[PDB]
Every structure is written in structure tokens, then in C-alpha cells.
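The structure under discussion appears below in the form of C-alpha cells.
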Amino acid sequence: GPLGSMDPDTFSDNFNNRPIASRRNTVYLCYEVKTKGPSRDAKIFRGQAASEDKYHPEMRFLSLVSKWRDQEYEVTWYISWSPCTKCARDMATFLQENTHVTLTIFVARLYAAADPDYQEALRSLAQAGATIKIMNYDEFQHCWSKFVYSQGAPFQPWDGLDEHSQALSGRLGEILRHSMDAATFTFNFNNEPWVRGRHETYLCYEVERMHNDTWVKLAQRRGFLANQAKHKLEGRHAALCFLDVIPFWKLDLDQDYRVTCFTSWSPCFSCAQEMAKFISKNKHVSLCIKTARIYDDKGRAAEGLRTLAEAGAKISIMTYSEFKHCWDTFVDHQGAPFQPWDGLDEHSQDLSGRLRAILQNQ
Ligand SMILES: [Zn+2]
């Protein structure tokens, strides 16, 4: 194992998009610096380093891209975990201040845990002039063949490489676009009460401040999220993941707000109790939960919705207006209008009647 390299046991430990997470918060970055120009035979300078905080040898390339005569640089990152909340912002600053440097980042695992500032930092880094993509078979093979000391051993992938590297691609697309996919929305937000294959739960949310005598939308605070799930790397539900993102808003305690939650699946009993116990401790928030389908939760969901509404939560079923409003704001439509599926108003009124029955104690 030559110094400055990673033996195969270190590669197949950091660059592995399988569910397993990072209890040991370690990241490993491989960098390729090239002189921008016409040369297809340009000498690419490769290096690699893992996060070592004290001295930071992973940033030993920032001196390799100093402005030197009329030379531009192309940098290619093969980073293990997604960049940090502060590292991404600092790299955006550096890309803004150093115009002669272009950067292309390849991510193996995205930071599953989120924070509005983290998404903001990734989007600002993308705006700065960087290109972020998820590693697939080509990138994993190209990294194994130039940053791993393999004594002849060829690259052997895992079972679900593309199956995970495409889910992470969709996650990154949702993160960078600030809008989810149109097919994803037309799939998850369905109106029929009994469906199949809707394992994940998507949740959009809007905030409105009470100014003058009017709810004014805090348009800089709207956003969506999805559940985590999976195993072998557990995860919370979408409602609980929304109850975690609220403290990062720095809400004013003297004024009142209205928070609207557009949910694909209605909250279960655990999430309903957690939401009730949250809004009971934050009386400066009026929660209105507009849902698409009514999640039965094996029976214990009607009582959960009843308990949630007894604290002061406006539970309701999405109609055509709410579906179209969710289309024009949270999905990547690119100008296309909302074309609703057949039966929208029918299942809408049916689920409204069933919710009214549930709420009239039934
Ligand atoms: Zn739940």
C-alpha cells in the first residue's frame, strides 16, 4: 500500500452507494487537475486525500490552481460523501473569486440528512459555475483504475449500483432544481383511495406571515421534501422530517404564521401525535394539512387525525385547485399546465366525505 493511495478495502468502504451510512463521518476526495486547452493528451495531475480536519490535506490542490500566466484549470472531484454545508459555500466563494478555474464534482452518496442551508449551499455552488453529478459505473470504474492500488484486481461492482445511483440522481435533481420531477408528482400525488407502489411519501410546504390584516406568503421559505426509509440506514417519515425542518426557520415568537402542508400520504398515528405535540407547544403556528390520499395506517389513523385536529390542525383533502397549485410551484413543469388524471374531482369529493366522517367521530 503505497503512501498517498487507498487500498481496495478503503475504496469499497467510502465509495459505496449502498444503504449503509457513515457512522464514522469520514469523506474521501480524489482530485484531477488539468490545464485547460486543446490537448487531448494533456498531462492530468491526480491526487487523493481523506478528511483530516487538523491539517486538511484534502485541500492541497488549491495551490495547484493558482493564477499563473494565462492558464485556466479544469478540476474533477470524485468525493465520497456530498460536500459539507460550509465546504460547499466556501467552494462557491472560491469559484466566484477564481474565474480561471472550472470544477466538476461527482458524488457517491448524498448527505441524506438535510438542512435548508445545506440545500441552499449546494444550489449556490451550482450557480457559481460547478457541475454536480452522481457517480455511476463509469465513474466508479474510472476512480478504481486511477486512485486505488489494485494489484491487477479489476473493478467489481455491487448488486444494486445503478438502482441506487439513479435514486440518488433523482434526489440530486430535486435538490438542485428546487422542484421535483413531473412524472414523480403525477405518480405519488394520486387521487384514487387504494393504490399500489406508493412506498415513498412526498410533502410540500408553504409558510405565510401575518402582516397588516393579510397572510403574505414568505416565498423564500416554500419547499418540499421526501421520506428516507430503506434499511441495511433507517429513516423517518415525511411528516417527522417536516417537524425537524421547522426550527431552521427562526420563526418570530410574537407573530402568528400559517403553515400549509401538501402531503401525498396522510399522516400516520405516530406522526399525527408528534405533530399535535409540536403544534401544542408552538401556539404561534396554524397548521393546515391538505392531503391527497387518506392513509389508513392499519386502522389507527382516523384517531390520529382526530387527535391532530383537536389541537388545531385544519385537515382537508386536496381538490383540483390544490393539485394544480402544487403543480405550478413544486414540480419542474417548464411552462406545461396541469393535465389532471381521470377521476380527480370524483375521488376528491369521496375522500372529502370520508374525512368528514372521520372528523365527525366515526
Ligand atoms: Zn407517518
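Chain labels run A, B, ... following the order of the C-alpha cells; each chain numbers its residues from 1, and ligands are numbered from 1 in the order shown.
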Could you pull out the strand (DSSP E or B) residues of range 3-189 of chain A from DSSP and send them as a count of residues only? 40
Within 10 Å of ligand 1 (only C-alpha atoms and all ligand atoms), residues as a ChimeraX atom specification: /A:201,227,236-241,265-274,295,297,301
Write out, as a PDB file, in the first residue's frame, the residues just selected, with N, CA, C and O atoms.
ATOM      1  N   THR A 201     -43.276   8.931   0.532  1.00  0.00           N
ATOM      2  CA  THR A 201     -44.248   9.975   0.837  1.00  0.00           C
ATOM      3  C   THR A 201     -43.597  11.330   0.605  1.00  0.00           C
ATOM      4  O   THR A 201     -42.590  11.654   1.243  1.00  0.00           O
ATOM      5  N   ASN A 227     -39.568  11.260   2.200  1.00  0.00           N
ATOM      6  CA  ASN A 227     -39.147  10.394   3.291  1.00  0.00           C
ATOM      7  C   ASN A 227     -37.799   9.739   2.979  1.00  0.00           C
ATOM      8  O   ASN A 227     -37.252   9.858   1.879  1.00  0.00           O
ATOM      9  N   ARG A 236     -36.901   8.242   8.953  1.00  0.00           N
ATOM     10  CA  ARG A 236     -38.152   8.749   9.493  1.00  0.00           C
ATOM     11  C   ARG A 236     -39.151   9.007   8.366  1.00  0.00           C
ATOM     12  O   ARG A 236     -38.815   8.977   7.180  1.00  0.00           O
ATOM     13  N   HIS A 237     -40.399   9.263   8.750  1.00  0.00           N
ATOM     14  CA  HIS A 237     -41.442   9.556   7.780  1.00  0.00           C
ATOM     15  C   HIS A 237     -41.321  10.996   7.284  1.00  0.00           C
ATOM     16  O   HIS A 237     -40.499  11.781   7.761  1.00  0.00           O
ATOM     17  N   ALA A 238     -42.160  11.342   6.305  1.00  0.00           N
ATOM     18  CA  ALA A 238     -42.103  12.682   5.730  1.00  0.00           C
ATOM     19  C   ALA A 238     -42.614  13.729   6.710  1.00  0.00           C
ATOM     20  O   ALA A 238     -42.070  14.837   6.782  1.00  0.00           O
ATOM     21  N   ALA A 239     -43.658  13.398   7.475  1.00  0.00           N
ATOM     22  CA  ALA A 239     -44.189  14.350   8.445  1.00  0.00           C
ATOM     23  C   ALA A 239     -43.174  14.644   9.542  1.00  0.00           C
ATOM     24  O   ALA A 239     -42.974  15.807   9.916  1.00  0.00           O
ATOM     25  N   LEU A 240     -42.529  13.604  10.075  1.00  0.00           N
ATOM     26  CA  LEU A 240     -41.491  13.819  11.076  1.00  0.00           C
ATOM     27  C   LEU A 240     -40.307  14.574  10.487  1.00  0.00           C
ATOM     28  O   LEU A 240     -39.685  15.396  11.171  1.00  0.00           O
ATOM     29  N   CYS A 241     -39.978  14.307   9.221  1.00  0.00           N
ATOM     30  CA  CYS A 241     -38.905  15.051   8.571  1.00  0.00           C
ATOM     31  C   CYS A 241     -39.280  16.513   8.368  1.00  0.00           C
ATOM     32  O   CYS A 241     -38.397  17.374   8.296  1.00  0.00           O
ATOM     33  N   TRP A 265     -49.253  11.205   1.261  1.00  0.00           N
ATOM     34  CA  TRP A 265     -49.882  10.272   2.183  1.00  0.00           C
ATOM     35  C   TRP A 265     -50.284  11.009   3.452  1.00  0.00           C
ATOM     36  O   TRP A 265     -49.511  11.812   3.984  1.00  0.00           O
ATOM     37  N   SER A 266     -51.495  10.736   3.931  1.00  0.00           N
ATOM     38  CA  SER A 266     -51.952  11.352   5.164  1.00  0.00           C
ATOM     39  C   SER A 266     -51.095  10.867   6.334  1.00  0.00           C
ATOM     40  O   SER A 266     -50.615   9.729   6.332  1.00  0.00           O
ATOM     41  N   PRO A 267     -50.879  11.713   7.340  1.00  0.00           N
ATOM     42  CA  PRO A 267     -50.009  11.322   8.457  1.00  0.00           C
ATOM     43  C   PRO A 267     -50.556  10.116   9.208  1.00  0.00           C
ATOM     44  O   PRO A 267     -51.765   9.975   9.403  1.00  0.00           O
ATOM     45  N   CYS A 268     -49.644   9.242   9.629  1.00  0.00           N
ATOM     46  CA  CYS A 268     -49.999   8.060  10.403  1.00  0.00           C
ATOM     47  C   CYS A 268     -50.237   8.465  11.857  1.00  0.00           C
ATOM     48  O   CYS A 268     -50.236   9.649  12.203  1.00  0.00           O
ATOM     49  N   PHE A 269     -50.439   7.477  12.735  1.00  0.00           N
ATOM     50  CA  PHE A 269     -50.757   7.783  14.127  1.00  0.00           C
ATOM     51  C   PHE A 269     -49.562   8.383  14.859  1.00  0.00           C
ATOM     52  O   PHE A 269     -49.712   9.365  15.596  1.00  0.00           O
ATOM     53  N   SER A 270     -48.373   7.803  14.680  1.00  0.00           N
ATOM     54  CA  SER A 270     -47.182   8.338  15.333  1.00  0.00           C
ATOM     55  C   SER A 270     -46.905   9.765  14.878  1.00  0.00           C
ATOM     56  O   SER A 270     -46.672  10.661  15.699  1.00  0.00           O
ATOM     57  N   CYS A 271     -46.937   9.995  13.563  1.00  0.00           N
ATOM     58  CA  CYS A 271     -46.696  11.334  13.044  1.00  0.00           C
ATOM     59  C   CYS A 271     -47.804  12.298  13.444  1.00  0.00           C
ATOM     60  O   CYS A 271     -47.532  13.475  13.699  1.00  0.00           O
ATOM     61  N   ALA A 272     -49.050  11.823  13.525  1.00  0.00           N
ATOM     62  CA  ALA A 272     -50.135  12.695  13.965  1.00  0.00           C
ATOM     63  C   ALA A 272     -49.943  13.123  15.414  1.00  0.00           C
ATOM     64  O   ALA A 272     -50.127  14.298  15.753  1.00  0.00           O
ATOM     65  N   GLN A 273     -49.563  12.183  16.284  1.00  0.00           N
ATOM     66  CA  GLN A 273     -49.320  12.532  17.679  1.00  0.00           C
ATOM     67  C   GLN A 273     -48.133  13.475  17.811  1.00  0.00           C
ATOM     68  O   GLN A 273     -48.169  14.421  18.607  1.00  0.00           O
ATOM     69  N   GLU A 274     -47.073  13.239  17.035  1.00  0.00           N
ATOM     70  CA  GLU A 274     -45.918  14.129  17.092  1.00  0.00           C
ATOM     71  C   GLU A 274     -46.275  15.529  16.607  1.00  0.00           C
ATOM     72  O   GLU A 274     -45.856  16.526  17.204  1.00  0.00           O
ATOM     73  N   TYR A 295     -54.269   7.929   4.309  1.00  0.00           N
ATOM     74  CA  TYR A 295     -53.534   6.761   4.777  1.00  0.00           C
ATOM     75  C   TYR A 295     -54.295   6.130   5.939  1.00  0.00           C
ATOM     76  O   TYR A 295     -54.555   6.793   6.948  1.00  0.00           O
ATOM     77  N   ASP A 297     -53.347   3.479   7.807  1.00  0.00           N
ATOM     78  CA  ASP A 297     -52.431   3.138   8.900  1.00  0.00           C
ATOM     79  C   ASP A 297     -52.945   1.940   9.698  1.00  0.00           C
ATOM     80  O   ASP A 297     -52.886   1.908  10.929  1.00  0.00           O
ATOM     81  N   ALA A 301     -55.343   5.406  12.128  1.00  0.00           N
ATOM     82  CA  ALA A 301     -55.115   6.704  11.501  1.00  0.00           C
ATOM     83  C   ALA A 301     -56.255   7.685  11.720  1.00  0.00           C
ATOM     84  O   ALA A 301     -56.012   8.891  11.832  1.00  0.00           O
TER      85      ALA A 301
END
I'd like the neighbourhood of range 55-64 of chain A as a ChimeraX atom specification, where a residue qualifies if any of its atoms comes within 8 Å (using only C-alpha atoms), though same-chain residues fewer than 4 positions away should be ignored. /A:29,31,33,48-51
Requested write-out: C-alpha atoms of the selected residues, as an mmCIF file, in the first residue's frame:
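The resulting file, result16.cif, is shown below:
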data_model
loop_
_atom_site.group_PDB
_atom_site.id
_atom_site.type_symbol
_atom_site.label_atom_id
_atom_site.label_comp_id
_atom_site.auth_asym_id
_atom_site.auth_seq_id
_atom_site.Cartn_x
_atom_site.Cartn_y
_atom_site.Cartn_z
ATOM 1 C CA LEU A 29 -11.871 13.077 -2.226
ATOM 2 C CA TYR A 31 -8.958 15.282 -7.471
ATOM 3 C CA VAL A 33 -6.352 18.876 -12.164
ATOM 4 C CA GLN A 48 -6.372 11.915 -3.284
ATOM 5 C CA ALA A 49 -6.932 12.598 0.404
ATOM 6 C CA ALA A 50 -9.423 11.933 3.196
ATOM 7 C CA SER A 51 -10.773 14.451 5.707
#
Polymer residues at most 9 Å from residue 6 in chain A, only C-alpha atoms, same-chain spacing of 4 or more positions, as a short mmCIF file (atom, residue, chain, number, x, y, z; two decimals) with N, CA and C atoms, in the first residue's frame:
data_model
loop_
_atom_site.label_atom_id
_atom_site.label_comp_id
_atom_site.auth_asym_id
_atom_site.auth_seq_id
_atom_site.Cartn_x
_atom_site.Cartn_y
_atom_site.Cartn_z
N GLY A 1 0.80 -1.21 0.00
CA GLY A 1 0.00 0.00 0.00
C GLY A 1 0.84 1.26 0.00
N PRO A 2 1.16 1.77 -1.19
CA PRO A 2 1.98 2.98 -1.28
C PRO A 2 1.30 4.17 -0.61
N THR A 10 -10.20 0.31 1.38
CA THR A 10 -10.57 1.69 1.66
C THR A 10 -11.51 2.23 0.59
N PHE A 11 -11.30 1.83 -0.67
CA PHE A 11 -12.22 2.21 -1.73
C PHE A 11 -13.61 1.65 -1.48
N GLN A 48 -5.27 12.39 -4.11
CA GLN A 48 -6.37 11.91 -3.28
C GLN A 48 -6.05 12.16 -1.82
N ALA A 49 -7.10 12.38 -1.03
CA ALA A 49 -6.93 12.60 0.40
C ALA A 49 -8.28 12.46 1.10
N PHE A 147 -7.09 5.67 -8.72
CA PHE A 147 -6.87 6.13 -7.36
C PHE A 147 -6.77 5.00 -6.35
N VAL A 148 -6.81 3.74 -6.80
CA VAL A 148 -6.74 2.58 -5.93
C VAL A 148 -5.56 1.73 -6.37
N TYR A 149 -4.74 1.32 -5.41
CA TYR A 149 -3.61 0.43 -5.71
C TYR A 149 -4.13 -1.00 -5.74
#
Which residues come within 12 Å of residue 160 in chain A, counting only C-alpha atoms, excluding same-chain residues fewer than 2 positions away, as a ChimeraX atom specification? /A:16-19,136-137,157-158,162-167
Contacts of residue 278 in chain A at 12 Å or less, counting only C-alpha atoms, minus same-chain residues fewer than 3 places along, as an MDAnalysis selection string? chainID A and resid 239:240 242:244 246:247 271:275 281:287 308 311:313
Might you pull out every residue within 6 Å of residue 288 in chain A, with only C-alpha atoms counted and same-chain residues fewer than 2 positions away left off, and present them as number ranges by chain? A: 260, 313-315
Go ahead and save the picked residues with C-alpha atoms, as a PDB file, in the first residue's frame.
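Ended up saving to part_18.pdb:
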ATOM      1  CA  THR A 260     -49.663  24.649   4.763  1.00  0.00           C
ATOM      2  CA  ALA A 313     -54.950  21.453  12.612  1.00  0.00           C
ATOM      3  CA  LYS A 314     -57.081  22.133   9.525  1.00  0.00           C
ATOM      4  CA  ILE A 315     -57.173  18.707   7.881  1.00  0.00           C
TER       5      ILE A 315
END
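Comparing A:68, A:320, A:185, A:118 by their smallest distance to residue 346 in chain A, the closest is A:320 (using only C-alpha atoms).
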Given the choices A:296, A:328, A:254, A:342, which gets closest to residue 354 in chain A if the distance is worked out from only C-alpha atoms?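 Ranked by minimum distance to residue 354 in chain A, first place goes to A:296.
With only C-alpha atoms as the atoms that count, the minimum distance from residue 138 in chain A to the choices A:121, A:170, A:78, A:334 is reached by A:78.
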Closest pair table for range 234-353 of chain A residues within 9 Å of range 186-190 of chain A, only C-alpha atoms, as CSV:
residue,atom,partner,partner_atom,distance
A:263,CA,A:189,CA,8.1
A:264,CA,A:189,CA,5.2
A:265,CA,A:189,CA,8.3
A:291,CA,A:189,CA,9.0
A:292,CA,A:189,CA,6.0
A:293,CA,A:190,CA,7.1
A:323,CA,A:189,CA,8.1
A:340,CA,A:186,CA,8.4
A:341,CA,A:190,CA,8.2
A:344,CA,A:190,CA,8.4
